[PDB]
């Protein structure tokens, strides 16, 4: 059954379900990857049933949006699907992903991370689906690069089927990657707990950059919905 959906149909982001993460990330400055943007509450809009996040450059200041459902909308297992349209260009890094609910007591990477929509504009026609855990994080080995030459065109679907036994990743309903370790310690498998959502668009940094083509700005990352089935 459909247990929760964010339709992004309101006039504003529903802060009963969403948090903003704001600024430069300090003391984890640059948000863990030496990124250029300050995150704000003034870089997004609700338009035509979409959340639209815009990456901007003003002077030498870069700005964007990062929102989470931490402590507000959390789920353990399910078929989780987002419909979204990508920004394009060298240096941009849009993402839709999840973090373990226990992050405030065990930290990252022990809490676990699920990377569902991952695209870096410096590598067109590719998406990434990944896990970060104590066993493998940062330059994680639990990752798959999927070639899709049409991914920049229109809206696509990004999803996971998440159970106690495995994590399946889908793009446009095609299974592209499966993580199913036989040994499910917490270090390998922190995924038997609730997780929360993050939507963001980073600029430059250790993963999205470091090179940024400043001619690309402004760039829009548009999200139609998040659906959760259980």
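Positions refer to the first chain, counted from 1.
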{"item": "Greater mean Cα temperature factor according to the PDB record, 200 to 208 or 182 to 190", "value": "182 to 190"}
{"item": "Stretch exceeding the other in mean C-alpha B-factor - 220 to 228, 1 to 9", "value": "1 to 9"}
{"item": "Residue selected from 163, 48, 65, 70 by maximal Cα B factor", "value": "48"}
{"item": "Chain-relative CA temperature factor third for residue 129", "value": "lowest"}
{"item": "Lowest, middle or highest third - CA B-factor, residue 87", "value": "middle"}
{"item": "Residue 37, C-alpha B-factor rank within chain (lowest, middle or highest third)", "value": "highest"}
{"item": "Modelled-residue ranking by C-alpha temperature factor, third containing residue 80", "value": "lowest"}
{"item": "Position of residue 104 among the chain's modelled residues by C-alpha B-factor, lowest, middle or highest third", "value": "highest"}
